[PDB]
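Novice: This one is an experimental structure. Sequence first:
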Amino acid sequence: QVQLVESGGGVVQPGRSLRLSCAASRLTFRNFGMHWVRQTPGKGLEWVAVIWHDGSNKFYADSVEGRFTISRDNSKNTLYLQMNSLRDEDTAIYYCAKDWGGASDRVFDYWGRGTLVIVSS
Amino acid sequence: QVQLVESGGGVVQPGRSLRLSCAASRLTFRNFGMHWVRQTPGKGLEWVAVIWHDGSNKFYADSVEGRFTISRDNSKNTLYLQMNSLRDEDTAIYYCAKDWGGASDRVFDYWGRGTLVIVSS
Amino acid sequence: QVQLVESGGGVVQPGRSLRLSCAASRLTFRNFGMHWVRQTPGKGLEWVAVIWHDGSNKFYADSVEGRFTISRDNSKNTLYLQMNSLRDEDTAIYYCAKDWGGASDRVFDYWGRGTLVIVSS
Amino acid sequence: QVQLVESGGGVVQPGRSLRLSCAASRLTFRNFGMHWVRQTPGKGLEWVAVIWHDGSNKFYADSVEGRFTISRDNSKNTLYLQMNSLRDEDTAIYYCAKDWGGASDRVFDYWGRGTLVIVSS
Amino acid sequence: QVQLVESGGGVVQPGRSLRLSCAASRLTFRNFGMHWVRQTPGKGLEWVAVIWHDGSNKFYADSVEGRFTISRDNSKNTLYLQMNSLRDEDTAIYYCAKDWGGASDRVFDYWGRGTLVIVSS
Amino acid sequence: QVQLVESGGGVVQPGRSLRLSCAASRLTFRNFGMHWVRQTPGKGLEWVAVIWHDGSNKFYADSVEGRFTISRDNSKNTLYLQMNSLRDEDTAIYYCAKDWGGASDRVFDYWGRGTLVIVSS
Amino acid sequence: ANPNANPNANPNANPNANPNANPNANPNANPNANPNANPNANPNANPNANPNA
Amino acid sequence: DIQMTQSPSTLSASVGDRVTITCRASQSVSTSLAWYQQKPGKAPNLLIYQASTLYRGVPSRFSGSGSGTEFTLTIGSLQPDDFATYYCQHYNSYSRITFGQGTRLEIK
Amino acid sequence: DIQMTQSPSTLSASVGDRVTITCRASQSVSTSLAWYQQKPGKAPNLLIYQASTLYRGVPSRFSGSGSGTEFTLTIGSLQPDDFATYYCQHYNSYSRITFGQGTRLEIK
Amino acid sequence: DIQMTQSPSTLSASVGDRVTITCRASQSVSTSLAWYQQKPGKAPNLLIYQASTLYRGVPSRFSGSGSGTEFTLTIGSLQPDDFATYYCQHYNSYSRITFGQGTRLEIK
Amino acid sequence: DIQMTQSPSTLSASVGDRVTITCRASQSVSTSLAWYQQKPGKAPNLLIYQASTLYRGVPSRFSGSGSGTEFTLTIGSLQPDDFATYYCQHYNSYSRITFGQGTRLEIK
Amino acid sequence: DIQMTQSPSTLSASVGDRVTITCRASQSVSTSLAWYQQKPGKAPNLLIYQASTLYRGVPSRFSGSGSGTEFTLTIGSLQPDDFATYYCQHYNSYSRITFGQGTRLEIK
Amino acid sequence: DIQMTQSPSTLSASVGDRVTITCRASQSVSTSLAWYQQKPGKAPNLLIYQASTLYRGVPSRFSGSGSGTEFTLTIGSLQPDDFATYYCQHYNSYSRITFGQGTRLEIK
């Protein structure tokens, strides 16, 4: 029934790297682009990045340009977001997403459970 | 002349599984992609899925994404669609299909007879 | 020099079957794919089918799908096209063919003489 | 050190036949595919024919299809290329050749000396 | 316990012939193929030739084709290789061998000691 | 009823020799082949050697190549197996075996009683 | 005017791509296939031939 | 997805008449439309592809037209055998396959 | 970027009333807006897309309306399950996806 | 399929003239075209492949050019033997092989 | 050499049951496989050759099947006299005779 | 012929550790790889055939793995008598036998 | 077939110079090329196979490179012997073997 499980969370000091995974199940992962959505502790929602079906193009929010890199592995049915040079404002729950598949509607329907990333010392 | 006959219907409680077959006759099955078309009792027509000639790629309508798995077996000259986690909306008459084979037109020419699937209790 | 002599013509009622042969001579038969080209009495040329060098794959024009079957048998250096469920349109002059053998060029060089098939009453 | 000598050339009228021989010495003939390479007086090199190690398959250039027939006889250790229905574009020096033996490399390493074939009046 | 005795070596000038023997001991010579392996002074192993169980077929490496001749005599339990038209690159320790005997495995089990051949002036 | 008796066993030190015989009884020993099969105390069976009707050829297992030697004496209705250079892995009950006689069938019909040979000290 | 790319362009696959085999492939044998014999063919005799007269 | 609306829902006519059935798209589908005729108890059959081209073996009395979102299927002269349910189906690129509601032709 | 402001931040209401939640855009977003409902501890679920269309499987008591910069989500008859935090999300072309602050529903 | 349409349907000319025959594709077919000459009572023969390459043994007076949907077969100097029917045939990948109607060359 | 694996290693069953023993070869052995029964204190006796053909004097309750790499012995109805050790053997051409590990049938 | 390259050329280690030697193939060899160890003054002795199977008499600390072009020979625990030159040899069908350069493992 | 084009047709050079000869493909031929040297009056001999590999017995001065349709034969230091005609040959799969026109090396 399409479930997305994220992993790789924990606590890291600012400036260190961290890897995230969105291993999908029962979804035709290759046909769909995916998004990463970040939910701050203030209950706000911020869009992070999107990668196309085959990885041809990537788009990032201006708050994560040059520090975050997202890559997709269609063979293993999973999605990766690798973060570099973290700081205090990136401490939040990271949600995997799945673009609905419409012609021009960039709307997320099947979200993941969520992974918490803490940046502190 | 090419005839498509389906089988494997019946009555299933919601949440159980079901397998549907589209054994073809006199059709060069391996060269042609195949679709599944669902007709609700309200005389509406919905498209279900499509599998390519070799089974490399699949596409599903969003209403059955993650619940329906379609597989094509070229050797036995037949097509399979397996249904998981059914509900009241999946009770309908199911027709097989055969893409016309043109460059860019997704139209169906040799429809099957149809097999009836009932979800109730 | 390579000549293609086709045979097996005649006049048949609609709905009856008919076998055709393209016994070739002085050509390396097993190494080349062959076609069947149909020329309507209205002086229009129409392609019918194609079989690969070893018979692995066949492609048919949609006008003859499910009715025509080609078979190649390298041993006696001959090509077959057996017809089922003919009709009034299928009355035309039937040519054999031999694909030129280019990397991606599907062109016919050594056309046969032509065998006449009549569907009438 | 592996010498291939060719014989049977001369001058013939157009449309007449002629036989060529490529008797070999000290080469393991039965374990190597062989070729025939034509060099026109315009200094152009064109491949003509190749025969597999037991003669299971034969390949010819399109310009010589149906006119040239080549064969191998391992017992007396010689190669033949029989010429039929020649014409003025077959005036050239004819080279025997030996495929190197690479898994996918079709390159000639021990060329023969060459026998001149001329057709005129 | 199967020991392979090889002999016939020495120092020869470039272009002169030389004979190497591989007389066997207690091994079933007739039912096993044999191999010659050349170990260059630069610590490299180059395969030379293989002879079938009854001498029906015979293979060589590209560097030794036509210049090397191997023969098999089942009668007095020896493998023979005649070495012709030499130059400097053939100066190496020459190993005898015996293929293990698998259905598709060309692997040597009982190596010989080696007889060393010098090409110098 | 065709019964085969083995003899000549005992216990020997490693590296010592021993002769094993399975002289036949009521068997047409001359025209029909024999087999030697070893059954280790681990209940595994291992084929050892085969000798043909006239003893023209000997084929041995790789583990017994050069350490075992078999001979056939048709006149005295007996089969021999000689053993040298023995070690611990060659301890078993030795079983003379008899083929079926099929054109391509290496299967056993009249199996041996077995003789025990021990390698110890 | 906006010189950048459109970050909301349709990123999904195309579910209407041509789902068929190519009727015009290269339907010929390969003239450059390995024409030589196999040097690694088993050179040993068959121990399983008939041992009976 | 792209929803397909075809009008009218039901249109009655008699033999020898001329009728037009439309299909309205939510957004431009270029010329990637198809018309299907379903008689009761049978699977629908193909009538028009590419929104204007006549499929093989279909009587020429059917004609299609339109581009963008407004498309028309016209039967030149109604026949007793042409009374059935008509569906319009689109195959626009990057959009999934959908069908219309189904226009019904009723005798008299 | 286009920052979404959804007003007001919190409406208390009881079971059975009608509540309207607005979302105001700083610049025209045409009709490209979507509404999310996040129950606490869960990832938000899609309710409305294209600012007027109902997503599949969502009860019909949710309805969206508006275009340009004034967009309203209306729950016709509030139900006990419908108490959650609501976000409005735009996906206008040539602009990055942003979310609203989040309107909460409080019982009584 | 892809419809092969060539113009003009009939073109009459005398010996020594230069004629150009154009073939129009229903959609882009890259450069994978061919031109065939059918002398009555005989099967057609190959003249051009890849829409620009002269076959082996064809007189050099025949010329072909064009790409996409506009292609032209040009005869540099019309000869007494060159009066026959001309067809344009395409073999684009993932599309089936189709032929045109065929232009007739008629003396004077 | 060719290594066969026969599974299970030991299979206990009662009289009147149906038991199937398999034999998996490391590489395809066509049909050149034979099975044996070996009682304690006795040499193994042949059961099936050509992997399917019954030997003379062997009860018809023993039946062999399979080709290539996957082969099976089946005893349709287990009788008290069929409690022993059963092995599988191959005689593929250009390959030496090697022998299996063994399935044992044990009472209850 | 296939250039059969083994890396590293020379790698030092002490008794008791885990040392792995790999060999690179120019193109696919499937699993027809062999490994030979050559102590000075002695001809090489076979260890692994079929790229994974241990030869008879080969200690269990010897182990081969890999397929295609990437293969690995892994040492379970390096012993004082395991110090020599190691070679990788392939016997792919329709190809001639070639060996590697030879990896030298040296004390400490 | 594939037309092989090598440029320049004829270029002159002096002993000790650096001369590079290219070969152009009509379409991609992977990396399966072969370079041939023909002294006048002599059958030509092989220098490079697989477009980069030096054949045995050929001096290391000869060097080839390139992929796709761009391939170049490079001479490190041209010597008086290397004055001859140079041909580039392709053997791509499913395509017939063709050669180039032949570049000429002329003294001074």
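Specialist: Received it, and whenever you're ready, just let me know what you need. Numbers count the residues shown, from 1 in each chain, chains lettered A, B, ... in the order given.

Novice: May I have the residues that are in contact with residue 1?
Specialist: I went with chain A, as the question did not name one. Applying Cβ atoms under 8 Å, 6 or more residues apart in numbering or on different chains to residue A:1 gives the contacts A:26, B:66-67, B:84-85. C-beta here means a position set from N, CA and C on the backbone, and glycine is covered the same way.

Novice: oops, chain H please
Specialist: A:102-103, B:61-62, H:95-96, H:98.

Novice: tell me the SS of it?
Specialist: coil (DSSP: H, G, I helix; E, B strand; the rest coil).

Novice: How much space separates it from chain L?
Specialist: 44 Å (Cβ to the nearest Cβ, to the nearest Å).

Novice: could the contacts of residue H:1 be laid out in CSV, adding secondary structure?
Specialist: Converted to CSV, those look like this (three-state DSSP):
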residue, secondary structure
A:102, coil
A:103, coil
B:61, coil
B:62, helix
H:95, coil
H:96, coil
H:98, strand
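
Novice: And the strand or helix carrying residue A:81, what does it pack against?
Specialist: Using DSSP states H and E, residue A:81 sits in strand A:78-83. Applying 3 or more Cβ pairs under 8 Å, 6 or more residues apart in numbering or on different chains; DSSP states H and E, we find strand A:78-83 packed against strand A:18-21, strand A:34-39, strand A:45-51, strand A:68-73.

Novice: Tally up the residues packed near the spatially closest residue to residue A:12 that is not a sequence neighbour, please.
Specialist: Once flanking residues are discounted, residue A:12 sits nearest to residue A:18: 5.3 Å by Cβ to Cβ, 6 or more residues apart in numbering or on different chains. Other residues near residue A:18 number 18, with proximity taken as other Cβ atoms under 10 Å in any protein chain shown.

Novice: Wait, residue A:18 touches residue A:116, no?
Specialist: No: shown here, residue A:18 and residue A:116 do not form a contact pair, counting by Cβ atoms under 8 Å, at 11.8 Å.

Novice: Which positions in stretch H:64-77 come out as buried?
Specialist: By 16 or more other Cβ atoms under 10 Å in any protein chain shown, the buried positions in stretch H:64-77 come out as H:64, H:66, H:69, H:71, H:73, H:75.

Novice: Looking at the backbone only, give me phi and psi for residue A:29.
Specialist: Backbone torsions for residue A:29, taken as degrees, to the nearest 10, come to phi -60, psi -30.

Novice: That one touches residue A:77, doesn't it?
Specialist: Yes: applying Cβ under 8 Å, one finds residue A:29 in contact with residue A:77, separated by 4.7 Å.

Novice: Comparing those two, which residue is more hemmed in?
Specialist: residue A:29 (23 against 16).

Novice: and the helix or strand hosting residue H:73 with chain B, contact?
Specialist: Using DSSP H and E, residue H:73 maps to strand H:70-75. No: using Cβ under 8 Å from any Cβ of the partner chain, strand H:70-75 never reaches chain B; the gap is at least 14.2 Å.

Novice: Render the CA-only coordinates of that strand in CSV, please.
Specialist: Output in CSV follows, covering the C-alpha atoms of strand H:70-75 (Å, rounded to 0.1, in the frame of the first residue of the first chain):
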residue,chain,number,x,y,z
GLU,H,70,-12.8,21.0,-27.8
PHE,H,71,-13.3,17.9,-29.9
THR,H,72,-16.3,16.7,-32.0
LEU,H,73,-17.3,13.2,-33.2
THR,H,74,-19.8,13.4,-36.1
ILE,H,75,-21.9,10.6,-37.6
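
Novice: Residue G:14: what's it in contact with?
Specialist: By Cβ under 8 Å, 6+ apart, the contact list for residue G:14 reads H:93-94.

Novice: again, but for residue H:16
Specialist: So residue H:16 contacts H:77-78 (Cβ under 8 Å, 6+ apart).

Novice: Quick check: it vs residue H:84, distance?
Specialist: 17 Å (Cβ to Cβ, to the nearest Å).

Novice: What of residue H:31?
Specialist: For residue H:31, the distance to residue H:84 - Cβ to Cβ - is 24 Å.

Novice: go on, residue G:44?
Specialist: On the measure of Cβ to Cβ, residue G:44 and residue H:84 end up 74 Å apart.

Novice: These two: who's more crowded?
Specialist: Neighbour totals were compared for residue G:44 and residue H:84, and residue G:44 leads with 21 against 17 (other Cβ under 10 Å).

Novice: quick one, phi/psi of that one?
Specialist: Dihedral angles (degrees, to the nearest 10) for residue G:44: phi -90, psi 150.

Novice: Quick one: residues contacting it.
Specialist: Neighbouring residues of residue G:44 by Cβ under 8 Å, 6+ apart: E:31-33, E:53, E:99, E:101, K:94.

Novice: Quick check: nearest residue in space to the most centrally placed residue in chain A, chain neighbours excluded?
Specialist: Most central in chain A under Cα atoms, centre = their mean is residue A:36, positioned 2.8 Å from the mean C-alpha point. Excluding its sequence neighbours, the residue lying closest to residue A:36 (Cβ to Cβ, 6+ apart) is residue A:48, at 4.1 Å.

Novice: neighbours around that neighbour, how many?
Specialist: 23.

Novice: Verify the contact between it and residue A:61 for me.
Specialist: Yes: using Cβ under 8 Å, residue A:48 is in contact with residue A:61, at 5.7 Å.

Novice: element containing the residue nearest to the spatial centre of chain H?
Specialist: When Cα atoms, centre = their mean is applied to chain H, the residue found nearest the centroid is residue H:35 (3.6 Å). Using DSSP H and E, residue H:35 falls within strand H:33-38.

Novice: Partner strands of that strand and their direction?
Specialist: strand H:45-49 (antiparallel), strand H:85-90 (antiparallel) (DSSP bridges).

Novice: What's the local residue count around the closest residue to chain L within chain A?
Specialist: Going by Cβ to the nearest Cβ, chain L is nearest to residue A:75 of chain A, at 16.2 Å. Residue A:75 is flanked by 7 other residues according to other Cβ under 10 Å.

Novice: So it: helix, strand or coil?
Specialist: coil.

Novice: For the strand holding residue A:81, list the C-alpha coordinates in CSV.
Specialist: What follows is strand A:78-83, C-alpha atoms only, in CSV (Å, rounded to 0.1, in the frame of the first residue of the first chain):
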residue,chain,number,x,y,z
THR,A,78,15.7,4.1,-2.4
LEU,A,79,16.4,7.8,-2.1
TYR,A,80,19.4,9.5,-0.6
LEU,A,81,20.0,13.0,0.7
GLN,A,82,23.5,13.8,2.0
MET,A,83,24.0,16.9,4.1
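
Novice: measure residue H:99 to residue H:35 for me?
Specialist: Distance from residue H:99 to residue H:35, by Cβ to Cβ: 11 Å.

Novice: Show me which residues of chain G sit near chain J.
Specialist: Counting by Cβ under 8 Å from any Cβ, chain G sits next to chain J at G:18, G:20, G:22-24.

Novice: Before I go, just wanted to say thanks for your time.
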